[PDB]
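Enquirer:
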Amino acid sequence: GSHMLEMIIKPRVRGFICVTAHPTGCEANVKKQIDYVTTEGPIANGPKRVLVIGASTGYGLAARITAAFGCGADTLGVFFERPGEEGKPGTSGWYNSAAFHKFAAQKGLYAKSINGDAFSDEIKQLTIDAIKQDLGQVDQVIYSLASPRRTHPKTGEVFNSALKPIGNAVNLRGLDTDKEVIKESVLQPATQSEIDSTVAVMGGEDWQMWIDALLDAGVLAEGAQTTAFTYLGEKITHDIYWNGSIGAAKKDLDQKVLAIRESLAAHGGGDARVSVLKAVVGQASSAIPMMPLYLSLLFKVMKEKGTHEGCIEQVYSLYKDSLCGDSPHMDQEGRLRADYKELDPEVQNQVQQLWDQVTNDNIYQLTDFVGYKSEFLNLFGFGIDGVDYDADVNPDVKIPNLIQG
Ligand SMILES: NC(=O)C1=CN([C@@H]2O[C@H](COP(=O)(O)OP(=O)(O)OC[C@H]3O[C@@H](n4cnc5c(N)ncnc54)[C@H](O)[C@@H]3O)[C@@H](O)[C@H]2O)C=CC1
């Protein structure tokens with residue numbers, strides 16, 4: 118009985134985390150993103166050898182798809198995901214990457230991946246080894262890691278990021294997606310240890326270590342380009358994000374990009390940019406219970422303007438308009454901006470007005486909580502058109518050219 122080794126996979130939510138993922142739906146979700154890119158069409162003058170650090174979900178996956186299927190790039194991806202086992206579905210990023218390798222091969226594109234802690238020196242060395250064997254050098258490095266923790270590669274100290282305001286405590290309104298209630302909670306201000314730790318995790322040091330490793334090992338091409346992703350948002354999120362602990366980390370990136378640009382700009386006119394992207398649903402949205410509410414409002418407002426987008430739409434335009442084209446959406450500290458439609462004054466004014474009106478009773482009248490919930494499930498391969506969720510699947514989906522760290 119093959120059925121002994123297969124199962125019907127359904128969403129299982131433990132609080133705010135979906136702990137299952139559907140391999141067929143994840144494949145279909147990747148193909149939907151690829152098909153968006155191929156439908157919008159190729160991007161000229163892009164990189165042809167791309168390293169994506171954090172390439173398995175979210176914005177890093179979108180960059181990997183954009184580079185490969187938009188720019189025709191060979192792509193080496195680094196991520197940290199759990200393979201499937203019998204009776205135990207792997208993480209969505211595992212299945213996403215399996216699909217990516219499948220579709221890349223179909224198009225005659227190289228796809229190799231490294232599964233392991235990108236903060237460590239060993240993973241950096243495995244990545245260098247892979248570039249040397251296969252690509253010689255890479256033309257572009259996407260830095261798209263998101264983690265709540267970082268094990269320092271030298272000291273071994275384990276840093277945990279904090280998601281707190283700075284200075285004063287703040288009352289943050291939010292949406293509990295389990296209870297489906299609007300709820301306010303008071304977050305205490307970050308300690309200095311919490312700030313320093315968040316800067317260590319989501320700051321720019323590891324990005325810098327990556328680039329200096331590739332340079333020292335000589336696998337960074339003359340003039341190569343590198344970008345790290347960031348979020349600024351608008352006032353509604355300023356207290357906890359931009360001006361809070363995680364914002365102190367993102368502020369470390371506007372400093373680090375300058376030293377990185379210095380090194381690349383001497384290397385055949387390469388370039389480096391912090392790239393600012395819009396808010397989207399991700400696996401850990403509810404890491405701030407404010408974000409499900411903000412997203413539900415933002416979605417409705419932007420859908421009414423025809424400007425709602427997800428990861429792949431955002432990153433495709435980042436590549437076509439700014440990383441490769443001559444509409445480089447530059448701002449005053451030299452950041453590439455793709456988030457301008459979210460920050461539109463009238464959008465933010467409308468989101469603000471609705472923020473003050475939303476209650477337990479009018480959530481579905483005032484917000485796109487429906488859309489938030491659907492896009493959340495889509496991350497894990499659920500709710501996808503054309504998938505037969507009644508069919509058995511083997512959760513142990515394997516990936517060729519997957520280097521296990
Ligand atoms: N709304 C959003 O989610 C926004 C996110 N951003 C930025 O985009 C970047 C990606 O964020 P998301 O797409 O939200 O996250 P994500 O959770 O979807 O993916 C994070 C990636 O990092 C990888 N990763 C995590 N820890 C790792 C480790 N120790 N070693 C190797 N790989 C590891 C994961 O496998 C995955 O590939 C971040 O810099 C984030 O600040 C920017 C704007 C908005």
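Residues 118 to 522 (the numbering used here) are what the sequence shown spells out, left to right.
For every residue, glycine included, the Cβ atom is placed at its ideal position computed from N, Cα and C.
Keeping to the same chain, check which residues put their C-beta closer than 8 Å to that of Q470; ignore five residues upstream and five downstream.
Expert: Excluding positions up to five away in sequence, the list is empty.
Enquirer: In the structure shown, what three-state DSSP assignment does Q470 receive?
Expert: Reduced to three states, the DSSP call for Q470 is helix.
Enquirer: Is it buried or exposed, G386, if we count other Cβ atoms within 10 angstroms and call 16 or more buried?
Expert: Classification for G386: exposed.
Enquirer: Below 8 Å, can you find three or more Cβ-Cβ pairs linking the region 244-258 to the region 283-302?
Expert: Not touching, per the Cβ criterion.
Enquirer: Could you name the residues of the same chain whose beta carbon sits closer than 7 Å to that of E144, not counting the 5 residues immediately before and after it, in chain order?
Expert: Around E144: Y212, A216.
Enquirer: Decide if the region 297-315 is in contact with the region 345-355; the criterion is three or more beta carbon pairs, one per stretch, under 8 Å apart.
Expert: No: the two stretches stay apart, fewer than three of their Cβ pairs being nearer than 8 Å.
Enquirer: Residue 546: which of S302, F236, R131 sits nearest, CA to CA?
Expert: For residue 546 there is no data in the structure shown, the boundaries of the chain being 118 and 522.
Enquirer: How should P409 be labelled, buried or exposed, when 16 other C-beta atoms within 10 angstroms of its C-beta is the threshold for buried?
Expert: Classification for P409: buried.
Enquirer: Is the closest heavy atom of ligand 1 to the C-beta of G451 under 7 Å?
Expert: No, the beta carbon of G451 sits no closer than 7 Å to any heavy atom of ligand 1.
Enquirer: At the level of alpha carbons, what is the spacing between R454 and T344?
Expert: Roughly 12 Å between the two C-alpha positions.
Enquirer: Alpha carbon to alpha carbon, what distance is there between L375 and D369?
Expert: Those two C-alpha atoms are separated by around 11 Å.
Enquirer: Cutting at 6 Å between CB atoms, please list the residues of its own chain near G399, excluding the five before and the five after it.
Expert: Closer than 6 Å at Cβ, skipping near neighbours: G175.
Enquirer: Indicate, with yes or no, if ligand 3 has a heavy atom lying under 7 Å from the CB of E459.
Expert: Although ligand 3 was asked about, the structure shown includes only ligand 1 as ligands.
Enquirer: Starting from the Cα of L337, find the closest Cα among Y489, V432, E426, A383 and give me that residue.
Expert: Out of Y489, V432, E426, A383, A383 has the C-alpha closest to the C-alpha of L337.
Enquirer: Considering just the uninterrupted stretch of the alpha helix (DSSP H) at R199, what are its terminal residues?
Expert: Taken as a continuous stretch (DSSP letters only), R199 belongs to no alpha helix (DSSP H), as it is neither H nor E.
Enquirer: Any idea if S214 is buried or exposed, counting beta-carbon neighbours within 10 angstroms, 16 or more meaning buried?
Expert: Label assigned to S214: buried.
Enquirer: What residues are listed by DSSP as bridge partners for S314?
Expert: Partner(s): none; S314 has no beta bridge.
Enquirer: Counting pairs of beta carbons, one from the region 495-503 and one from the region 135-150, are three or more of them closer than 8 Å?
Expert: Touching, yes.
Enquirer: Whole alpha helix (DSSP H) runs in the region 136-190 with 4 or more residues, listed along the chain?
Expert: Within the region 136-190, the complete alpha helix (DSSP H) runs of at least 4 residues are 140-157, 175-182.
Enquirer: Check each candidate in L292, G335, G503 and name the one with the smallest Cα separation from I480.
Expert: Checking every option, the nearest Cα to that of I480 belongs to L292.
Enquirer: When the Cα of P265 is compared with those of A404, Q254, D438, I259, which residue comes out closest?
Expert: Considering only alpha carbons, the answer is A404.
Enquirer: Is residue 540 close to ligand 1? I mean its beta-carbon at under 7 Å from any heavy atom of the ligand.
Expert: Residue 540 lies beyond the residue range present for the chain, which begins at 118 and ends at 522; the question has no answer from this structure.
Enquirer: Just to confirm, does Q250 get its C-beta within under 7 Å of one of the non-hydrogen atoms of ligand 1?
Expert: No; taking the cut-off as 7 Å, the Cβ of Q250 has no heavy atom of ligand 1 nearer than that.
Enquirer: Under 8 Å, do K281 and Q325 count as touching if we go by C-beta distance?
Expert: No; because the gap between Cβ atoms is not below 8 Å, this pair is not in contact.
Enquirer: With H, G and I counted as helix, E and B as strand and the rest as coil, what does DSSP make of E421?
Expert: Reduced to three states, the DSSP call for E421 is helix.
Enquirer: DSSP on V398, reduced to helix/strand/coil?
Expert: Note: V398 maps to coil in three-state DSSP.
Enquirer: Answer yes or no: the CB of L435 versus the heavy atoms of ligand 1, is any distance below 7 Å?
Expert: Incorrect: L435 has no Cβ contact closer than 7 Å to ligand 1.
Enquirer: Among the residues of its own chain, which have a CB less than 6 Å from the CB of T347, if the five just before and after it don't count?
Expert: These residues qualify, in order along the chain: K367, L370, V391, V393.
Enquirer: Looking at C-alpha atoms only, which residue of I231, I363, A341, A179 is the closest neighbour of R199?
Expert: The residue with the shortest Cα to Cα distance from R199 is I231.
Enquirer: Report the three-state DSSP secondary structure of residue 70 (helix, strand or coil).
Expert: Because the chain here runs from 118 to 522, residue 70 falls outside it and cannot be looked at.
Enquirer: When DSSP labels each residue in this structure, what does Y260 get in the three-state scheme?
Expert: Here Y260 sits in strand by DSSP.
Enquirer: Thinking C-beta only, is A180 closer than 8 Å to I240?
Expert: It is not a contact, given that the beta carbons lie outside the stated cut-off.
Enquirer: Let me make sure I understand the geometry here. Which of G210, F196, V167 has the alpha-carbon closest to that of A190?
Expert: For the residues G210, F196, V167, the minimum Cα distance to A190 belongs to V167.
Enquirer: Is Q372 near ligand 1, in the sense that its beta carbon is under 7 Å from a heavy atom of that ligand?
Expert: No - ligand 1 has no heavy atom lying nearer than 7 Å to the Cβ of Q372.
Enquirer: Quick one: complete alpha helix (DSSP H) runs, 4+ long, within the region 205-251?
Expert: The qualifying runs are 209-223, 238-247.
Enquirer: In the DSSP output, which residue or residues are listed as bridge partners for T347?
Expert: DSSP output for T347 lists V393 as bridge partner(s).
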